[PDB]
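Engineer: The following block contains the structure, expressed as structure tokens.
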Amino acid sequence: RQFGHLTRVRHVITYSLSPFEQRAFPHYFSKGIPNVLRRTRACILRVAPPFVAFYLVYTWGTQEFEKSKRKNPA
Amino acid sequence: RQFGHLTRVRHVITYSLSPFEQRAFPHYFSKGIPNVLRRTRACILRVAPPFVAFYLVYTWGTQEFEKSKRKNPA
Amino acid sequence: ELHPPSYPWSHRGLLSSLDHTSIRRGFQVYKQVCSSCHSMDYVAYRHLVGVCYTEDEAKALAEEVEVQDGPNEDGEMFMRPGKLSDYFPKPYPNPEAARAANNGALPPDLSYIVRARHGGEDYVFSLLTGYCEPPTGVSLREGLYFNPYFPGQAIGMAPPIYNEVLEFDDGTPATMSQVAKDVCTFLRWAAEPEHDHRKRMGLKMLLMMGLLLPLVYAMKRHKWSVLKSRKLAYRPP
Amino acid sequence: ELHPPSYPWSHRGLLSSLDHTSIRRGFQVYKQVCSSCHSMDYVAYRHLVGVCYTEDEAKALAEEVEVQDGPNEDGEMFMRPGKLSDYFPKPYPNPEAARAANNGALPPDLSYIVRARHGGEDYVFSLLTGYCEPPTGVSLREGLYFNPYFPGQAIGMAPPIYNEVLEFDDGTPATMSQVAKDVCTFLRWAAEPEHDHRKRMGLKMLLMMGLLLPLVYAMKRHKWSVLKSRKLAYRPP
Amino acid sequence: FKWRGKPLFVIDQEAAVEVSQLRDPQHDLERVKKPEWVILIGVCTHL
Amino acid sequence: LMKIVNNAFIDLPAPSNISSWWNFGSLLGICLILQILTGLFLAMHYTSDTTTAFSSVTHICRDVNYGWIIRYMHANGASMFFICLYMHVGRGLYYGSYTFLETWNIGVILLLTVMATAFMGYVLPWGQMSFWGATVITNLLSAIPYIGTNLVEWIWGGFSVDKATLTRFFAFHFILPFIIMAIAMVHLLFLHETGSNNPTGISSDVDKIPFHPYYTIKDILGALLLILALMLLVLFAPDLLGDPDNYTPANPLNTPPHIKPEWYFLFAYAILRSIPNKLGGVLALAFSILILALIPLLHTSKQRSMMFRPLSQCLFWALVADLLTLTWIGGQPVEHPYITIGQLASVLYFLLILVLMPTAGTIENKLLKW
Amino acid sequence: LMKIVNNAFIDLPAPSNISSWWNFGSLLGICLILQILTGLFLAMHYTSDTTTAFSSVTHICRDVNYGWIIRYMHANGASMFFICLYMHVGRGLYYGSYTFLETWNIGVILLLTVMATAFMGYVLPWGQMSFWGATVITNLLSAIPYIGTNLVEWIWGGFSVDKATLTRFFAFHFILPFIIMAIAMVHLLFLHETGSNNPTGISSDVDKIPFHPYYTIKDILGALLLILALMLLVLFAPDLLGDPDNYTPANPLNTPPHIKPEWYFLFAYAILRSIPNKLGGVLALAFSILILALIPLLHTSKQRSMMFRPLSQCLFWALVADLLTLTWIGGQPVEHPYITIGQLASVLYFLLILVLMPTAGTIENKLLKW
Ligand code: HEC
Ligand code: HEC
Ligand code: HEM
Ligand code: HEM
Ligand code: HEM
Ligand code: HEM
């Protein structure tokens, strides 16, 4: 497979420019950083809470294990 | 590449038969053996004489080598 | 178990090297103390070159000790003074003799023991300096001793080290501590004869990869800039 | 050089095997004669099972000889009666001792010597039975001897074999010849513990491949028969 | 002896050899420092 | 004219909405070639004998000119290798690669080829975890009735691990990457009839673009990060993953108090260790892997991806907790606070896959009426 | 659908006037796979250490269940391998394969791949001809000025052959067949654009026929003859080609009176041994091989084959005398009745190729006016 016999296209225009006629990193800080946060606010709630529990189960996994080797009053 | 777009053919007929309708080895002794000899008479003269000399050079290669280790009268 | 602390060192830093002066006194220890019962088989005097001793000097130690080498033309074997190619003198010919020389217990090798024990150095330095009186309610056979860092807190380790157990060349103090410093410095070198060079490539890497990585990241953003700035439209009738 | 002849054997035929009875007396020879100075290291008594001796019987020879095995719990080594897993008793601990036990010369091993010397058996059998008085105009150091089959015709081979040098079990003649037969039969088995089985697959192969080869040659001629009988013509206007 | 994984081969009439008559014109003591201690890499020059 | 087949790596149509994740799809080609290249030069001084192998490693790390690096570019390279995969594979779930049934199965046979390969790679140096690391795992195949004792003794070359066990792996281990090297092409072949598969999951036929300028350098950028994250470890923390014990000589007459194979088994080893029964967990082990062949009959949603299935993301990243848990829980010993976990975590793994991901599409279709 | 690429071995056009010679064209695929298959199982008990390798061979021939065969199916298999080639290659001259310039060069790189491979295969068992068989040949590369001492010491892992020399070959030797295994496909690829080349030399496009019934079984029939001629030797004369000395242990402090490598070098080794000068024959050696790349600029006849060039047959079969002579003359020592030969036979080889075969077509064209 290659270009030429994939599918159909009709009434579509494409504009584009050389790289040399534009800076590589414009608006990186200015516009990127909100887009990072917007990318963040859409994903954290479905990614973190597993790892949140993991941090806790990693915590309680040690403490209970830590106590068990410590003796009892007898 | 495959069959279909190789070349051109015109006015050619091909006859042929199943294998089951014919013995595998007919006229093997009766007709083959002369054809072996005919195949032989066309090739021996341009194949043997090298090997003929080889047999001799293999012979004289030993005899002269055989004599050289045998001593001289002195 | 017992977790040793993270004692600092002259080499803990990720571009820190070993104090070779500390190694120079460290090697004295292994020969005077540990080489009676520890079989370091993966090392030779020649590896000390460029590290703590020189060719001729370290060779003077190869002249010191006898080594079993050479089938005589009679068909027998003998003893010679060693050389720089010769590995260290093995204390005992086989493990079992070491068990026999002890209360049934074996000395491990000390070539790669550091990297083969959790914590490495910090285990070892605190091991020797963790000797104390046993606690109440504990009992031990003869030959065994107490040391909390060892698993089971029960070990056939005779105390090898103590203050003023020997003396060193330049004349620094032969305390139980400074000696314990050079020796652990020494053993890390055992399972790492490359530390002086690992950091060197440890450093060359960064000022290249830290320098390339933006540039390639730019050449990326260079080519992709056509599509990072590409617009479209839709003009049917 | 000298080319040995092609002496026949009980195994020269391409489906001929070894006379195992001849092997049984052959092994007596190596122990009584050759095992004083020949180091067969690639063999054990167990390989004699199913060949010349049994389990218990051959094991009686492992009980006969002492073998150096086992690190004692003291840390030393000792001697025990061997077993079937144990390889043969090496005569001398190293090559140099053998050179010392001789006039500077070495005995080769005899495990694979047959297949490592042109002619194999026929060399060896004629080697022992090629001893004669030296010819006129020849001189040899002490310890050296004359034998034409050896290269240079000069060898430190003391005559090992002679008529009535020992006796065998069943009581066959202990001539210089019959003994020389069993021994060369014995050594071929050394570098071929598979002779009894090589011919077996040596035979299974033929009555298959001799049987298949026509059939496949027919299935060939079967399919090709369309073209072995194909005719043509040429009918344009 | 064995050395570098290669062999190590180690006067009254030796000096009697006429150097010019030889193939490689080479006096003996050009090859050694001590006369009575001979050294060479024991490898046949041909092959 | 073998220049037309190498258009698949030069002039191939491929999408344009592509993340940085798919760097990982080609790093294996760089890991594999590098790892092979490393190991090949590495085996120039390995020895396949018990009496010298461990020493023959020491022949490298001490006496070879800059060869000591090669032990770690290779070894910890094998860790960076696996770090790609479980970022390469969970991808296919988070995006929906697994509909390409002819390809996804190939993606399995690699994994069992490797995870049975790598098992033969940790064992060569006779580390005292090599031996027992080979004992425990291989011992399990005795779990089968009436043949388990045979195949195990058959592979041990006797009745227990020995010199004969070693060499039989070193050849089986020096070889399979080449078998992978060709299967790699196969894995790309069935692709080639259909091409890649965007994060959205949409058939992006309209917006397929060249490959030589764009994704080449993009992969090289990833390879840089790989070499970086590889050069870091070897230079700064080579003892991190490769356990300390493996520098110990082998001795069957003594064990460590704590056993664990290399870190990457541990999600899987823990599943077995959970089961007190012997056989009752073994079949769960390979089932935990071979479930991947069984997923694509569980693509309930008539969508593909999970960027447009928010509930799937709630489950999917929850699965990672289980694996990363079983990773840690596996590498820790058998005691009451931890047994209670694996008896759940093992079940959670099978549960999330075979109940709730299917349940999503059956619902999400109903949430939007198809 | 990887079923369409395997039509080249099922539904491929190919001629019908085909001899039994072209059995040999595919036996290598059977030799190579078999040889690999043999050697792979064989290396399950090889050891790459001097102190045990020779013994580790004995571990096979004595103690392994039917493994002793494998030493010979492999070893003498390598002889049957070469018997195919110089019946596979002289073919291309006697029929005119060599016009396919894109293929013929590939046919060379295999040969130098193999003849440098096999050189690493005879050496493993430390036969006392292994050592010197590796010494002499490798020593020659000191013939170069100012670098010869470097690369040789560089490959010897020191200043002379040693344990370090061994392992470096065993990996270089266990690997190249796989490199050949892929180059095999390449060798068939450039073919695939043009197909085979009849004995007549005529473009037989009109009479190209299927492949699954006809040439498949025909090759199998040849494979039978191969397995026969292989099973014969191993069962009836395994000591034939594999020289006796190689069962001797290695010792640098003693040589045999007579040296010769394995039989197949001997046509080539004799060419060098003819030259008293050191370097003056080395460049002739590889030139004697690499002349094959230089032949196709010497296809003077505007015919192709030699079934229709009787004079070419007078020369061609004369060349075989020279090779089969240098074969024997090579394996024999340096004395006056034999030096007189190689000083001619070496020149005859270069002479027949670069003077008289070209001269033929320049004449045969004139004998028939074009
Ligand atoms: C009395 C002979 C002897 C002396 C001297 C000696 N060692 Fe030991 N070493 C032993 C024996 C015996 C053991 C066995 C310990 C065990 O079995 O747990 C051992 C154990 C060790 C271990 C193993 C630690 C572990 O986890 O088991 C280390 C490290 C060590 N010694 C270092 C040293 C150092 C450092 C010195 C000098 C300060 C030293 N040794 C001197 C005999 C000795
Ligand atoms: C007295 C000790 C001794 C005895 C007994 C002995 N050998 Fe020898 N053997 C030697 C020595 C020493 C050599 C060294 C020959 C040389 O250096 O050329 C040797 C050489 C050989 C060789 C080498 C032949 C070759 O082609 O290289 C063979 C084979 C052999 N012996 C077999 C035998 C046989 C057969 C017997 C019994 C008939 C036997 N040995 C008994 C000491 C012995
Ligand atoms: C996916 C492929 C492979 C995996 C998963 C793998 C696994 C491993 C691992 C993890 C080690 C670490 C041993 C250590 O650090 O001490 C190792 C060592 C080794 N590898 Fe492999 N390996 C692979 C491929 C190869 C290849 C391709 C070669 C040779 C070309 C090779 C040869 C060796 C050798 C000789 C060792 C011993 C070195 C040592 O143990 O340190 N391996 N293998
Ligand atoms: C050496 C091992 C492997 C190599 C060389 C390899 C190679 C590749 C490459 C180059 C791609 C294209 C890059 C991309 O799609 O992002 C790809 C894609 C893919 N790989 Fe791998 N891969 C390997 C292992 C695996 C494994 C273990 C799986 C397990 C499931 C797998 C499953 C897939 C799938 C399903 C795709 C399709 C990509 C898509 O749907 O867009 N591969 N593989
Ligand atoms: C074209 C490919 C090869 C050639 C020309 C070749 C050459 C040889 C030869 C002639 C021997 C005979 C040694 C003897 O008879 O004692 C040998 C031995 C050996 N071959 Fe190779 N070989 C090849 C491929 C392989 C392969 C593919 C393997 C493993 C998969 C392998 C592993 C070995 C080993 C371990 C030995 C030692 C056995 C012995 O020396 O008897 N070789 N090789
Ligand atoms: C492992 C090594 C090799 C393999 C697997 C292989 C494979 C093949 C096969 C299957 C054929 C078709 C059969 C035939 O044409 O009769 C062929 C043809 C051919 N081979 Fe080989 N071959 C190998 C080595 C060589 C070598 C060493 C040469 C040296 C010149 C060579 C040159 C050729 C040429 C020129 C052809 C064209 C056949 C024609 O013109 O009709 N090949 N090869």
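Naming scheme: A, B, ... for chains in displayed order of the structure tokens; residues 1 onward per chain; ligands 1 onward as shown.
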Near residue E:43, within 12 Å and counting only C-alpha atoms, which residues show up once chain neighbours fewer than 3 positions away are dropped, as a list in words?
Structural biologist: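 Near residue E:43, the qualifying residues are residues 6, 7, 8, 9, 40, 46 and 47 of chain E; 132, 135, 136, 139, 252, 253, 254 and 255 of chain G.
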Engineer: Check which residues of chain G sit at most 8 Å from ligand 5 using only C-alpha atoms and all ligand atoms, and return one row each with the closest pair of atoms and their distance in Å to one decimal, ordered by chain and rising number, as a Markdown table.
Structural biologist:
| residue | atom | partner | partner_atom_place_in_ligand_line | distance |
| --- | --- | --- | --- | --- |
| G:32 | CA | ligand 5 | 1 (C) | 6.7 |
| G:35 | CA | ligand 5 | 27 (C) | 5.8 |
| G:36 | CA | ligand 5 | 27 (C) | 3.7 |
| G:37 | CA | ligand 5 | 30 (C) | 6.4 |
| G:38 | CA | ligand 5 | 30 (C) | 6.7 |
| G:39 | CA | ligand 5 | 29 (C) | 3.5 |
| G:40 | CA | ligand 5 | 30 (C) | 3.4 |
| G:41 | CA | ligand 5 | 30 (C) | 7.0 |
| G:42 | CA | ligand 5 | 35 (C) | 5.8 |
| G:43 | CA | ligand 5 | 35 (C) | 4.3 |
| G:44 | CA | ligand 5 | 35 (C) | 8.0 |
| G:45 | CA | ligand 5 | 35 (C) | 7.7 |
| G:46 | CA | ligand 5 | 35 (C) | 5.1 |
| G:47 | CA | ligand 5 | 35 (C) | 7.7 |
| G:54 | CA | ligand 5 | 40 (O) | 7.9 |
| G:57 | CA | ligand 5 | 41 (O) | 6.0 |
| G:71 | CA | ligand 5 | 41 (O) | 5.1 |
| G:72 | CA | ligand 5 | 15 (O) | 6.2 |
| G:74 | CA | ligand 5 | 11 (C) | 6.6 |
| G:75 | CA | ligand 5 | 12 (C) | 4.0 |
| G:76 | CA | ligand 5 | 10 (C) | 6.7 |
| G:77 | CA | ligand 5 | 10 (C) | 7.8 |
| G:78 | CA | ligand 5 | 5 (C) | 5.3 |
| G:79 | CA | ligand 5 | 10 (C) | 7.3 |
| G:81 | CA | ligand 5 | 1 (C) | 7.8 |
| G:114 | CA | ligand 5 | 1 (C) | 5.4 |
| G:115 | CA | ligand 5 | 5 (C) | 7.0 |
| G:117 | CA | ligand 5 | 5 (C) | 5.7 |
| G:118 | CA | ligand 5 | 5 (C) | 3.5 |
| G:119 | CA | ligand 5 | 7 (C) | 7.0 |
| G:120 | CA | ligand 5 | 7 (C) | 6.8 |
| G:121 | CA | ligand 5 | 43 (N) | 3.5 |
| G:122 | CA | ligand 5 | 9 (C) | 4.6 |
| G:123 | CA | ligand 5 | 40 (O) | 7.0 |
| G:124 | CA | ligand 5 | 40 (O) | 5.1 |
| G:125 | CA | ligand 5 | 40 (O) | 4.4 |
| G:126 | CA | ligand 5 | 40 (O) | 8.0 |
| G:127 | CA | ligand 5 | 16 (O) | 7.9 |
| G:170 | CA | ligand 5 | 35 (C) | 7.4 |
| G:173 | CA | ligand 5 | 42 (N) | 6.2 |
| G:174 | CA | ligand 5 | 28 (C) | 4.8 |
| G:175 | CA | ligand 5 | 27 (C) | 7.0 |
| G:176 | CA | ligand 5 | 2 (C) | 7.4 |
| G:177 | CA | ligand 5 | 2 (C) | 5.6 |
| G:178 | CA | ligand 5 | 27 (C) | 7.9 |
| G:242 | CA | ligand 5 | 15 (O) | 6.3 |
| G:246 | CA | ligand 5 | 16 (O) | 7.0 |
| G:247 | CA | ligand 5 | 16 (O) | 7.6 |
Engineer: Within 8 Å of residue D:175, counting only C-alpha atoms, which residues show up once you throw out same-chain ones fewer than 3 positions away? Write them as a list in words, please.
Structural biologist: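 Here the qualifying residues turn out to be residues 162, 163, 164, 178 and 179 of chain D.
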Engineer: Could those residues be written to a file, using C-alpha atoms, as an mmCIF file, in the first residue's frame?
Structural biologist:
data_model
loop_
_atom_site.group_PDB
_atom_site.id
_atom_site.type_symbol
_atom_site.label_atom_id
_atom_site.label_comp_id
_atom_site.auth_asym_id
_atom_site.auth_seq_id
_atom_site.Cartn_x
_atom_site.Cartn_y
_atom_site.Cartn_z
ATOM 1 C CA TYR D 162 56.795 -60.612 24.684
ATOM 2 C CA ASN D 163 55.709 -64.231 24.641
ATOM 3 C CA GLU D 164 54.665 -65.464 28.091
ATOM 4 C CA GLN D 178 47.199 -63.084 20.084
ATOM 5 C CA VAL D 179 47.882 -60.524 22.778
#
Engineer: Can you tell me which residues come within 7 Å of ligand 6 when counting only C-alpha atoms and all ligand atoms, ideally as a tab-separated table (two decimals) with N, CA and C atoms, in the first residue's frame?
Structural biologist:
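Final file, pocket.tsv:
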chain	number	residue	atom	x	y	z
G	21	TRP	N	21.20	-31.39	-12.13
G	21	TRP	CA	22.19	-30.55	-11.46
G	21	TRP	C	21.54	-29.62	-10.46
G	22	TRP	N	20.39	-29.07	-10.81
G	22	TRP	CA	19.78	-28.03	-10.00
G	22	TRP	C	19.09	-28.58	-8.77
G	23	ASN	N	19.14	-29.89	-8.55
G	23	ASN	CA	18.94	-30.39	-7.20
G	23	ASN	C	19.88	-29.67	-6.25
G	24	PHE	N	21.14	-29.51	-6.66
G	24	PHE	CA	22.16	-28.97	-5.79
G	24	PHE	C	21.85	-27.54	-5.39
G	25	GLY	N	21.10	-26.82	-6.22
G	25	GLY	CA	20.80	-25.44	-5.90
G	25	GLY	C	19.98	-25.26	-4.65
G	26	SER	N	19.26	-26.30	-4.23
G	26	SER	CA	18.40	-26.24	-3.06
G	26	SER	C	18.87	-27.14	-1.93
G	28	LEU	N	21.56	-26.94	-0.43
G	28	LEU	CA	22.18	-26.07	0.56
G	28	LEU	C	21.16	-25.62	1.58
G	29	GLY	N	19.94	-25.33	1.13
G	29	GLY	CA	18.87	-25.05	2.05
G	29	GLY	C	18.62	-26.20	3.00
G	32	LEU	N	22.14	-26.51	5.05
G	32	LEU	CA	22.28	-25.42	6.00
G	32	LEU	C	21.35	-25.62	7.19
G	85	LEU	N	28.68	-26.96	-3.56
G	85	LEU	CA	29.01	-25.63	-4.06
G	85	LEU	C	29.82	-25.70	-5.34
G	88	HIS	N	27.70	-26.58	-7.64
G	88	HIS	CA	26.73	-25.51	-7.83
G	88	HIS	C	27.30	-24.35	-8.62
G	89	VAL	N	28.59	-24.10	-8.51
G	89	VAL	CA	29.16	-22.85	-9.00
G	89	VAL	C	29.77	-23.03	-10.38
G	92	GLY	N	27.37	-22.56	-13.03
G	92	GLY	CA	27.09	-21.23	-13.54
G	92	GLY	C	28.02	-20.79	-14.64
G	96	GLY	N	26.25	-20.46	-17.70
G	96	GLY	CA	26.16	-19.03	-17.87
G	96	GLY	C	25.18	-18.38	-16.93
G	97	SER	N	25.21	-18.80	-15.67
G	97	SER	CA	24.47	-18.08	-14.65
G	97	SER	C	25.06	-16.70	-14.41
G	98	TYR	N	26.36	-16.54	-14.67
G	98	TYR	CA	27.08	-15.39	-14.14
G	98	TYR	C	26.72	-14.09	-14.82
G	100	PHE	N	23.86	-12.82	-14.56
G	100	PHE	CA	23.02	-12.17	-13.55
G	100	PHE	C	23.94	-11.54	-12.52
G	103	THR	N	23.17	-11.13	-8.86
G	103	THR	CA	23.12	-12.37	-8.10
G	103	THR	C	24.49	-12.98	-7.91
G	104	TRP	N	25.32	-12.93	-8.94
G	104	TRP	CA	26.60	-13.63	-8.90
G	104	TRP	C	27.49	-13.10	-7.79
G	106	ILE	N	26.46	-11.92	-4.98
G	106	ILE	CA	25.93	-12.50	-3.75
G	106	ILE	C	26.49	-13.90	-3.56
G	107	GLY	N	26.63	-14.63	-4.66
G	107	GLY	CA	27.17	-15.97	-4.61
G	107	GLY	C	28.61	-16.02	-4.15
G	108	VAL	N	29.30	-14.88	-4.18
G	108	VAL	CA	30.66	-14.80	-3.68
G	108	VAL	C	30.66	-14.58	-2.18
G	110	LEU	N	28.67	-15.19	0.11
G	110	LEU	CA	28.44	-16.44	0.82
G	110	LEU	C	29.73	-17.21	0.98
G	111	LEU	N	30.47	-17.35	-0.10
G	111	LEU	CA	31.60	-18.27	-0.10
G	111	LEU	C	32.67	-17.79	0.87
G	180	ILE	N	23.82	-16.10	6.99
G	180	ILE	CA	23.63	-16.74	5.70
G	180	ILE	C	22.16	-17.05	5.48
G	184	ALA	N	20.50	-15.91	2.20
G	184	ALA	CA	19.88	-16.88	1.31
G	184	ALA	C	18.63	-16.30	0.67
G	187	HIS	N	19.61	-13.81	-1.82
G	187	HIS	CA	20.13	-14.45	-3.02
G	187	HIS	C	19.00	-14.94	-3.90
G	188	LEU	N	17.86	-15.27	-3.31
G	188	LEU	CA	16.68	-15.64	-4.07
G	188	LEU	C	15.85	-14.44	-4.48
G	191	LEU	N	17.04	-13.00	-7.80
G	191	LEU	CA	16.57	-14.02	-8.72
G	191	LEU	C	15.12	-13.77	-9.10
G	196	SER	N	15.15	-18.35	-13.15
G	196	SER	CA	16.30	-19.23	-13.34
G	196	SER	C	16.85	-19.08	-14.75
G	197	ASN	N	17.74	-20.00	-15.13
G	197	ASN	CA	18.60	-19.81	-16.30
G	197	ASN	C	18.98	-21.19	-16.84
G	198	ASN	N	18.27	-21.63	-17.87
G	198	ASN	CA	18.39	-22.97	-18.42
G	198	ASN	C	19.81	-23.38	-18.79
Engineer: Using only C-alpha atoms for the distances, tell me which of F:109, F:217, F:293, F:351 is nearest to residue C:223.
Structural biologist: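 Among F:109, F:217, F:293, F:351, it is F:217 that comes nearest to residue C:223.
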Engineer: Could you tell me how far atom CA of residue F:31 sits from atom 20 (N, counted along the ligand's line) of ligand 3, in Å to one decimal place?
Structural biologist: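 Distance reported for this atom pair: 13.6 Å.
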Engineer: Throw together the list of residues within 6 Å of ligand 1, counting only C-alpha atoms and all ligand atoms, and drop it here as a short mmCIF file (atom, residue, chain, number, x, y, z; two decimals) with C-alpha atoms, in the first residue's frame.
Structural biologist:
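To be explicit, this is the file written out as part.cif:
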data_model
loop_
_atom_site.label_atom_id
_atom_site.label_comp_id
_atom_site.auth_asym_id
_atom_site.auth_seq_id
_atom_site.Cartn_x
_atom_site.Cartn_y
_atom_site.Cartn_z
CA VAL C 33 44.54 -9.08 59.18
CA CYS C 34 42.07 -10.52 56.73
CA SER C 36 44.63 -15.22 57.20
CA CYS C 37 41.09 -16.46 56.55
CA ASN C 102 36.71 -22.18 62.57
CA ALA C 105 31.71 -21.75 59.95
CA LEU C 106 33.02 -20.50 56.63
CA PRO C 107 34.57 -17.13 55.75
CA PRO C 108 33.03 -15.78 52.56
CA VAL C 124 30.34 -3.53 56.63
CA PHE C 150 24.36 -9.86 60.82
CA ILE C 155 27.92 -15.15 64.06
CA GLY C 156 31.17 -17.05 64.36
CA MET C 157 33.04 -13.84 63.65
CA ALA C 158 35.96 -13.50 65.98
CA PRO C 160 39.21 -9.07 63.88
CA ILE C 161 39.75 -5.40 64.51
#
Engineer: Residues at most 12 Å from residue C:53, counting only C-alpha atoms, excluding those fewer than 2 positions away in the same chain, as a PyMOL selection string?
Structural biologist: chain C and resi 20-28+45-51+55-61+84
Engineer: Pick out the chain F residues within 10 Å of chain A. Count only C-alpha atoms. Give them as a ChimeraX atom specification.
Structural biologist: /F:7-8,11-14,192-195,205-206,208-210,307,310-322,324-325,328-329,335-338,341
Engineer: Present chain A as a compact mmCIF listing (two decimals) with C-alpha atoms, in the first residue's frame, least-squares fitted onto chain B over all of its C-alpha atoms paired in order.
Structural biologist:
# COMPACT_ATOMS: atom_id res chain seq x y z
CA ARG A 1 6.38 -11.99 -11.87
CA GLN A 2 4.02 -14.85 -12.68
CA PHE A 3 2.05 -16.39 -15.50
CA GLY A 4 0.02 -14.09 -17.69
CA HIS A 5 2.17 -11.20 -18.89
CA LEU A 6 5.39 -12.91 -19.99
CA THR A 7 5.34 -12.94 -23.77
CA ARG A 8 3.31 -13.78 -26.85
CA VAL A 9 2.38 -17.15 -28.32
CA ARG A 10 0.49 -17.88 -31.52
CA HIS A 11 -0.63 -21.03 -33.31
CA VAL A 12 0.73 -23.63 -30.93
CA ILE A 13 -0.91 -26.85 -29.81
CA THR A 14 -0.05 -28.96 -26.78
CA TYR A 15 -1.09 -32.58 -26.31
CA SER A 16 -0.55 -34.38 -23.04
CA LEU A 17 -1.87 -37.21 -20.90
CA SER A 18 -2.52 -38.11 -17.29
CA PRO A 19 0.23 -40.05 -15.53
CA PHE A 20 -2.21 -42.76 -14.50
CA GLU A 21 -2.85 -43.66 -18.13
CA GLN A 22 0.79 -44.56 -18.73
CA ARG A 23 3.50 -46.63 -17.13
CA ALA A 24 6.16 -44.60 -15.37
CA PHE A 25 9.17 -46.42 -16.85
CA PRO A 26 8.39 -47.62 -20.37
CA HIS A 27 11.29 -48.24 -22.73
CA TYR A 28 13.76 -47.47 -19.95
CA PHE A 29 16.15 -50.26 -20.91
CA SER A 30 14.90 -50.55 -24.47
CA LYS A 31 15.35 -46.91 -25.53
CA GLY A 32 17.20 -45.26 -22.67
CA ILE A 33 20.47 -47.15 -22.96
CA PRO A 34 21.32 -45.98 -26.50
CA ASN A 35 20.39 -42.45 -25.47
CA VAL A 36 22.84 -42.82 -22.59
CA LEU A 37 25.55 -43.82 -25.05
CA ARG A 38 24.60 -41.04 -27.43
CA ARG A 39 24.79 -38.64 -24.51
CA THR A 40 28.19 -40.16 -23.75
CA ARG A 41 29.68 -39.94 -27.24
CA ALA A 42 28.99 -36.19 -27.33
CA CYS A 43 30.78 -35.35 -24.06
CA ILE A 44 33.59 -37.81 -23.30
CA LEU A 45 36.12 -36.30 -25.68
CA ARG A 46 35.89 -32.87 -24.01
CA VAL A 47 35.81 -34.18 -20.43
CA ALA A 48 38.07 -37.22 -20.19
CA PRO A 49 41.45 -36.02 -21.58
CA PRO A 50 41.94 -33.59 -18.70
CA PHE A 51 41.26 -36.42 -16.27
CA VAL A 52 43.43 -38.70 -18.41
CA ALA A 53 46.41 -36.43 -17.84
CA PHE A 54 45.42 -36.07 -14.20
CA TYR A 55 45.75 -39.83 -13.77
CA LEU A 56 49.21 -39.63 -15.33
CA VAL A 57 50.36 -36.56 -13.44
CA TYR A 58 48.99 -38.30 -10.37
CA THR A 59 51.14 -41.27 -11.38
CA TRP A 60 54.41 -39.54 -12.25
CA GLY A 61 53.90 -37.23 -9.29
CA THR A 62 54.39 -40.19 -6.98
CA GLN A 63 57.09 -42.10 -8.86
CA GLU A 64 59.52 -39.20 -9.13
CA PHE A 65 58.67 -38.34 -5.53
CA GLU A 66 59.13 -42.02 -4.71
CA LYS A 67 62.60 -42.13 -6.27
CA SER A 68 63.84 -38.89 -4.73
CA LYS A 69 63.70 -40.24 -1.18
CA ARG A 70 65.48 -43.38 -2.34
CA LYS A 71 69.21 -42.86 -2.14
CA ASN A 72 71.83 -42.21 -4.79
CA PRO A 73 75.08 -44.17 -5.30
CA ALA A 74 77.42 -42.12 -3.11
